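Chemist: One structure, pasted below without further comment.
For neighbour counting, all protein chains shown are included, and Cβ atoms are generated from backbone atoms with ideal geometry for every residue, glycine included. No lab work stands behind these numbers, since they all come straight from the coordinates.
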Ligand SMILES: *[C@@]1(=O)C(=O)[N]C2=[C][C]=C(F)[C]=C21
Ligand SMILES: *[C@@]1(=O)C(=O)[N]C2=[C][C]=C(F)[C]=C21
Ligand SMILES: [Cl-]
Ligand SMILES: [Cl-]
């Protein structure tokens, strides 16, 4: 059976961090749902790219659970994710069922806000480190991608391919990730 | 005065190759217009990401000329660009005025279709090489980014940051490109 990914898309999301994982996971045969935090309407990303979500988060949640829940970064996107009671519920449920949670750039700060995965080794964008580390509830890493069990984090737009391929490897295995990677012309 | 970029967005465009240059150029202070080939309506990219263009191409052309015209790849996107008389007119005008033209992945095959920049050194996605080289009207390169004068080409999703940063360097200089690059966490 095909794996299923939920990508939570908030106003101010970093569009590169949103699109690269969506595209790469689709390349891997994953069924991806781009879910609008605010509802069904188009979303103005951080650099003004406008993306039309597949569904509202409200609707997508009804089709859960998912093999991965993906949180893009962007400071303002991550803040909106961190402030959301709906996101809290989704992540809590995912963690409780031992499902993968993947977050990039400022995205991992929503894990802090929602008390997810405390004790995990994590990375973030360098500028989000102090926020993520407030309280010392995680151990910090400078690895471009960090996978500690079912908490998978990464650093920025420039680590988005690596992040996406790590998700693919976690869900579909090393060989599928390598097959997906080759046509992309990555260094 | 701020530089201005026209990004031509067709059905079947590769969304990563569209979003990465838009975002990165905006980070560089470039005024970017995401112009819908087909009109003003949202565009279904190659991996089903839906992007809402800033304007129709018809409308954006009225606000020309631009310091760069950018052609994303995606096989089907590039085919739509190659078949467009409106694209032909834009590229011909750009070339005639010694304005930069930038194309990635299968995107450079639209330069062939529209007889642009013959004699230039170019690259493409490896799978688009034979198409681009039909007639021997260009010289082929395996460089991740190739800039031959005012024709700037690149290879794939995984070269999109390098492509975008080369555009930024061409328009705004080396120091701006380096400043834009650092926060991205590129390898
Ligand atoms: C990232 O997307 C984010 O969440 N925070 C941040 C800062 C700088 C940057 F270049 C990207 C990002
Ligand atoms: C690219 O975006 C395109 O235009 N052609 C092609 C083939 C394979 C790939 F992975 C990307 C692209
Ligand atoms: Cl941001
Ligand atoms: Cl394609």
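Chemist: Residues that are in contact (Cβ under 8 Å) with a residue 60 or more places away in the chain: find the helices (runs of 4 or more DSSP H) completely inside region B:51-142 holding 3 or more of those.
Modeler: In region B:51-142, B:75-82 are the helices (runs of 4 or more DSSP H) which contain 3 or more residues that are in contact (Cβ under 8 Å) with a residue 60 or more places away in the chain.
Chemist: Then there's this: Tell me yes or no: at least one residue of region B:91-107 is away from ligand 4 (no atom under 16 Å from the Cβ), in contact with a strand residue (DSSP E or B) (Cβ under 6 Å, 6 or more places away or on another chain), more than 25 Å from residue B:156 (Cβ to Cβ) and away from every other protein chain (no Cβ under 14 Å).
Modeler: no
Chemist: Among the residues of region B:16-27, count how many are surrounded by fewer than 24 Cβ atoms within 10 Å (Cβ to Cβ) and in contact with a helix residue (DSSP H, G or I) (Cβ under 9 Å, 6 or more places away or on another chain).
Modeler: Residues in region B:16-27 being surrounded by fewer than 24 Cβ atoms within 10 Å (Cβ to Cβ) and in contact with a helix residue (DSSP H, G or I) (Cβ under 9 Å, 6 or more places away or on another chain): 1 in total.
Chemist: Return the residue satisfying two criteria in turn: it lies in region A:17-34 and is within 12 Å of the chain's Cα centre (by Cα) and not in a strand (DSSP E or B), and of such residues it is nearest to residue B:159 (Cα to Cα).
Modeler: Only one residue fits best here, namely A:20.
Chemist: Moving on to the next point. Could you tell me which of the residues A:76, A:91, A:71, A:100 is within 14 Å of ligand 1 (Cβ to nearest atom) and either within 19 Å of residue B:186 (Cα to Cα) or under 14 Å from the mean Cα position of the chain (by Cα) (or both)?
Modeler: From the options A:76, A:91, A:71, A:100, the qualifying one is A:71.
Chemist: Those residues that are away from ligand 4 (no atom under 16 Å from the Cβ) and within 14 Å of chain A (Cβ to nearest Cβ), I need them from region B:112-159; list them, please.
Modeler: Of everything in region B:112-159, those that are away from ligand 4 (no atom under 16 Å from the Cβ) and within 14 Å of chain A (Cβ to nearest Cβ) turn out to be B:123, B:141, B:142, B:143, B:144, B:145, B:146, B:153.
Chemist: Further, regarding this structure: Return yes or no: is residue B:8 surrounded by 18 or more Cβ atoms within 10 Å (Cβ to Cβ), under 23 Å from residue A:46 (Cβ atoms), within 16 Å of ligand 1 (Cβ to nearest atom) and within 14 Å of the chain's Cα centre (by Cα)?
Modeler: no
Chemist: Any residue at all in region B:163-173 that is in a loop (DSSP other than H, G, I, E, B) and either over 20 Å from residue B:88 (Cα atoms) or more than 11 Å from every other protein chain (Cβ to nearest Cβ) (or both)?
Modeler: yes
Chemist: Counting only residues that are under 22 Å from residue A:90 (Cβ atoms) and surrounded by fewer than 16 Cβ atoms within 10 Å (Cβ to Cβ), which one in region A:100-140 is nearest to ligand 3 (Cβ to nearest atom)?
Modeler: Filtering first and then ranking leaves A:115.
Chemist: For region A:141-161, give me each residue that is under 20 Å from residue A:16 (Cβ atoms), crowded, with 19+ Cβ neighbours inside 10 Å and in contact with a strand residue (DSSP E or B) (Cβ under 8 Å, 6 or more places away or on another chain).
Modeler: Answer for region A:141-161, where residues must be under 20 Å from residue A:16 (Cβ atoms), crowded, with 19+ Cβ neighbours inside 10 Å and in contact with a strand residue (DSSP E or B) (Cβ under 8 Å, 6 or more places away or on another chain): A:145, A:146, A:152, A:153, A:154, A:155, A:156, A:159, A:160.
Chemist: Something else: Quick one: how many residues across region B:34-65 are more than 16 Å from ligand 2 (Cβ to nearest atom) and either closer than 21 Å to residue A:7 by Cβ or within 11 Å of another protein chain (Cβ to nearest Cβ) (or both)?
Modeler: Final tally of qualifying residues: 7.
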